[PDB]
Amino acid sequence: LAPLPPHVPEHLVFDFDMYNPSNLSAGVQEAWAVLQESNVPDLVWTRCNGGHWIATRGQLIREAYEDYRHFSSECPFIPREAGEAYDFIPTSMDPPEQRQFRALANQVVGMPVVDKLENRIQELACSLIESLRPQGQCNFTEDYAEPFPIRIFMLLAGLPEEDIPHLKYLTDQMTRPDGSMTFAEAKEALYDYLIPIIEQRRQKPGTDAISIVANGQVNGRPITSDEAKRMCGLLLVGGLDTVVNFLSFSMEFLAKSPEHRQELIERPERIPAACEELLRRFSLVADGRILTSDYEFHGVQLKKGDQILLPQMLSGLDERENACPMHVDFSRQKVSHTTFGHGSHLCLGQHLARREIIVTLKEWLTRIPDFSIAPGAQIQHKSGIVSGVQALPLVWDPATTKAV
Ligand code: HEM
Ligand SMILES: CN(C)c1cccc2c(S(=O)(=O)NCCCCNC(=O)[C@]34C[C@H]5C[C@H](C[C@H](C5)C3)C4)cccc12
């Protein structure tokens with residue numbers, strides 16, 4: 001624990017550890033929910049991980065994300081050293097600078113692009129599932145959750161499939177380091193990989209994501225190689241960790257709820273609604289901002305330079321905006337959440353993600369309508385900037401499956 005700063009009131013202290021919260025064994029969402037019990041203030045200070053603020057209610061979380069003037073993305077991660085080193089684009093920029101870079105990225109992952117890659121998305125899902133179907137078992141996270149999104153990125157970025165193993169490796173070191181290299185090294189390794197492709201597509205442009213970004217213009221002038229690699233880095237990692245883990249949370253729930261499986265099988269038209277409800281219940285991201293100056297927020301004095309965690313995960317779990325928040329109801333009428341963020345940085349891949357989720361639910365239940373958690377298995381969760389599932393062993397009787 002770090003020594004409490006003089007300007008911080010002792011009665012607002014609540015030492016929550018975002019990387020190792022208590023009661024994690026009861027579920028990661030449930031663990032963060034402790035920040036929402038009646039005896040916990042709307043805004044608290046934890047002495048963990050260097051010391052920082054934490055907004056615990058949807059109201060404050062949304063407000064801080066809207067106000068970039070006071071809450072800057074220049075240092076969006078906790079601990080400070082990590083946020084300071086972070087330089088991906090446009091996640092580490094504030095408007096107006098961010099505006100142009102965000103518009104360019106929107107061109108490679110926006111809705112229009114989704115509708116065009118869908119055949120490959122649906123095709124990829126079916127291929128992956130059919131290959132597992134006969135087995136009667138699988139480790140969902142390793143066998144589907146991971147391969148699905150990374151193959152989608154290779155397609156949109158126009159990269160060859162033989163590069164997946166190496167990219168998977170580099171991305172794994174940027175969140176699950178084995179020791180071979182430290183973030184910075186993996187980043188450079190990634191940049192080393194991207195720079196050549198970028199320079200080459202500058203003169204020989206294709207219709208892929210890299211081509212578009214490489215030939216982009218900002219501030220009336222051509223984007224630099226430095227800016228291009230920093231944007232491409234995000235385009236790669238942005239849709240991995242999030243999708244892999246979200247799909248895992250979703251499948252873990254369905255594996256433990258036969259009635260919900262049956263609901264979607266009998267009422268397929270409800271899958272898009274089911275997707276939104278799962279996004280609320282199993283929200284998983286939590287990054288933050290840094291104070292640009294001294295500022296009084298909701299009766300609390302914030303000091304310039306202070307870091308504040310604004311858990312996107314917590315908004316939809318706030319009992320003040322969603323009744324019985326831990327209950328999953330595909331018929332819930334006013335599903336509110338900030339799972340994809342809020343404000344100027346609202347997730348650009350949100351449309352792609354939903355398509356990935358919906359296609360997955362539809363194609364999996366079509367071929368493997370009945371499945372369960374492997375007997376004796378005890379699912380483990382992990383907590384951080386992007387919380388998730390360690391592994392998810394599933395089992396089923398092939399006799400109940402169907403090839404389509
Ligand atoms: C279940 C999946 C997803 C979730 C929960 C999610 C979540 C988020 C969140 C919360 C942010 C904003 C962070 C902040 O304000 O600092 C964001 C940003 C972003 N996401 Fe996603 N994401 C998902 C998938 C995707 C996908 C599929 C990609 C595509 C490569 C992607 C690309 C981006 C990009 C480009 C941004 C930065 C936008 C900006 O700074 O202007 N995301 N995402
Ligand atoms: C557990 N502790 C100690 C850590 C271990 C290893 C790396 C860490 C890092 S790190 O080096 O910055 N690595 C992780 C983050 C890099 C990849 N992800 C992204 O940019 C984001 C940017 C947006 C917000 C979320 C979700 C998605 C969009 C992708 C994160 C930060 C904080 C703690 C870390």
Side-chain angles (χ1 to χ4, degrees), residues 17-20 49-50 61 64-66 68 71-73 75-95 97-106 108-110 113-114 121 145 148-150 152-153 156-157 171 173-177 182-187 190 209 213 230-250 275 278-280 282-289 310-313 315 337-357 382-388:
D17 185 342
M18 70 180 280
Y19 293 111
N20 288 292
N49 306 107
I61 293 163
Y65 273 129
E66 290 169 8
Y68 62 92
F71 302 104
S72 167
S73 291
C75 187
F77 297 154
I78 289 166
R80 190 177 298 279
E81 300 59 54
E84 284 179 350
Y86 189 69
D87 69 331
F88 277 172
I89 294 176
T91 41
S92 58
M93 312 178 147
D94 297 310
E97 175 173 54
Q98 178 217 350
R99 305 254 183 63
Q100 297 227 304
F101 289 103
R102 178 182 168 81
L104 182 55
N106 186 51
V108 298
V109 303
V113 176
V114 180
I121 297 177
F148 188 46
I150 195 168
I152 288 180
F153 175 79
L156 68 73
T171 58
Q173 313 311 131
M174 293 174 80
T175 173
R176 205 163 303 82
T182 177
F183 186 69
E185 310 181 7
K187 196 182 78 305
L190 183 54
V213 177
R230 291 163 61 194
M231 184 168 343
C232 285
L234 180 64
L235 294 180
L236 169 60
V237 308
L240 287 183
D241 234 8
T242 50
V243 177
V244 177
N245 290 299
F246 179 69
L247 288 176
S248 293
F249 282 125
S250 294
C275 168
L278 293 173
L279 276 171
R280 179 195 66 73
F282 300 112
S283 197
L284 71 175
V285 183
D287 70 342
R289 305 282 187 268
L310 302 170
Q312 285 91 341
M313 170 202 301
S315 301
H337 68 71
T338 61
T339 293
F340 288 118
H342 182 78
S344 56
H345 293 274
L346 176 66
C347 185
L348 285 175
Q350 69 168 316
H351 305 304
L352 175 56
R354 285 192 182 86
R355 199 60 50 86
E356 290 188 54
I357 295 163
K382 50 184 180 177
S383 180
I385 290 169
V386 182
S387 295

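One-based numbering along the sequence shown. Counting starts at 1 for both ligands and their atoms, following the listed order.
Heavy-atom minimum distance, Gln98 versus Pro90: CG-CB, 3.6 Å. Scanning all heavy atoms of the two residues, the minimum distance from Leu284 to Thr242 falls at CD1-O, 3.7 Å. Shown here for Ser73 and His345, the closest heavy-atom pair between the two residues is OG-NE2, 3.3 Å. Nearest heavy-atom pair across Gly239 and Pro149 is O-CB, 3.6 Å. Minimum interatomic distance between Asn49 and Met18 (heavy atoms only, all atoms of both residues): OD1-N, 4.2 Å. Heavy-atom minimum distance, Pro95 versus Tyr68: CD-CD1, 3.6 Å.
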Subject >> side chain to side chain contact (heavy atoms under 4.5 Å, CB included) evaluation trace for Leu310 with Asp287 >> reply: CA-CA 6 Å; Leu310 302 170; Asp287 70 342; over 6 Å; no
Subject >> Stepwise side chain to side chain contact (heavy atoms under 4.5 Å, CB included) check, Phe246 with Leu278 >> reply: CA-CA 9 Å; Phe246 179 69; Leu278 293 173; 3.8 Å; yes
Subject >> Test side chain to side chain donor-acceptor pair (under 3.5 Å) applied to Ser72 and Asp94, step by step >> reply: CA-CA 6 Å; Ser72 167; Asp94 297 310; 2.6 Å; yes
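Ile357 places a side-chain heavy atom less than 4.5 Å from the side chain of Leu279. For the pair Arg230 and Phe101, the minimum side-chain heavy-atom distance is 4.5 Å or more. Inter-residue side-chain proximity for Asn245 and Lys382 is flagged as met; some heavy-atom pair is nearer than 4.5 Å.
Around atom 40 (O) of ligand 1, the closest heavy atom drawn from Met231, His345, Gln350 belongs to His345. Evaluated by nearest non-hydrogen atom to atom 29 (C) of ligand 2, the leading choice among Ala286, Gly238, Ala82, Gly83 is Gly238. When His342, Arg102, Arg289, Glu356 are ranked by how near their heavy atoms come to atom 41 (O) of ligand 1, first place goes to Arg102. Considering each of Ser344, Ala286, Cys347, the one bringing a non-hydrogen atom nearest atom 21 (Fe) of ligand 1 is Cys347. Ranked by closest heavy atom to atom 34 (C) of ligand 2, the top entry among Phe340, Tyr19, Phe77 is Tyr19.
Residue contact check: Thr339 has heavy atoms under 4.0 Å from atoms 5 (C), 7 (C), 10 (C) of ligand 1. Using a 4.0 Å cut-off to heavy atoms of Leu235, the atoms of ligand 1 that qualify are 30 (C). Atoms of ligand 1 found under 4.0 Å from any heavy atom of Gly341, numbered from 1 in the order shown, are 10 (C). Residue-ligand proximity, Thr91 to ligand 1, at heavy-atom distances under 4.0 Å covers atoms 37 (C), 40 (O). Each of the following atoms of ligand 1 lies closer than 4.0 Å to a heavy atom of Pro90: 39 (C), 40 (O), 41 (O). Heavy-atom contacts of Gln312 reach the following atoms of ligand 1: 10 (C), 13 (C), 14 (C), 15 (O) (cutoff under 4.0 Å). Near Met174, meaning under 4.0 Å from one of its heavy atoms, ligand 2 places the atoms 13 (N), 14 (C).
Distance from atom 14 (C) of ligand 1 to its nearest protein heavy atom, with residue and atom name: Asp287 OD2, 3.2 Å. In terms of protein heavy atoms, atom 17 (C) of ligand 2 is closest to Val237 CG2, 4.1 Å. Protein heavy atom closest to atom 11 (C) of ligand 1, with residue, atom name and distance, is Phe340 O, 3.9 Å. The closest protein non-hydrogen atom to atom 16 (C) of ligand 2 is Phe183 CE1, 4.1 Å. For atom 7 (C) of ligand 2, the nearest protein heavy atom (residue, atom name, distance) is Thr175 CA, 4.9 Å. Closest to atom 26 (C) of ligand 1, if we only count protein heavy atoms, is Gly239 CA, 3.5 Å. Among all protein heavy atoms, the one lying closest to atom 1 (C) of ligand 1 is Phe246 CB, 4.0 Å. Scanning the protein for heavy atoms near atom 24 (C) of ligand 1, the closest one is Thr242 OG1, 3.5 Å. Regarding atom 23 (C) of ligand 2, its nearest protein heavy-atom neighbour is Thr91 CG2, 4.0 Å. Protein heavy atom at the shortest distance from atom 32 (C) of ligand 1 is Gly349 N, 3.8 Å. Closest protein heavy atom to atom 24 (C) of ligand 2: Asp287 OD2, 3.9 Å.
Looking at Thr338 against ligand 1, nothing comes within 4.0 Å, counting heavy atoms. Counting heavy atoms under 4.0 Å from ligand 1, residue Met93 does not touch it at all.
Taking 4.0 Å as the cut-off, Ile78 counts as a neighbour of ligand 2 on heavy-atom distance. Taking 4.0 Å as the cut-off, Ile385 counts as a neighbour of ligand 2 on heavy-atom distance.
With hydrogens and angles ignored, the 3.5 Å screen pairs a side-chain donor or acceptor of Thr338 with a backbone N or O of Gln312. Under the 3.5 Å distance criterion, the side-chain polar atoms of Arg102 are matched with a main-chain donor or acceptor of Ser344. No donor-acceptor pair closer than 3.5 Å links the side chain of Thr175 to the backbone N or O of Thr171.
In this structure, atom 32 (C) of ligand 2 has protein heavy atoms in its sub-4.0 angstrom surroundings. Contact annotation for atom 4 (C) of ligand 2: protein absent (non-hydrogen atoms, distance under 4.0 Å).
The only member of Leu156, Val213, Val113 that meets side-chain contact (heavy atoms from CB on, under 4.5 Å) when paired with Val108 is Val213.
Taking any N or O of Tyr86, backbone or side chain, at least one lies under 3.5 Å from an N or O belonging to ligand 2.
Aromatic ring orientation, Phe77 versus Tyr86: tilted (interplanar angle from 30° to 60°).
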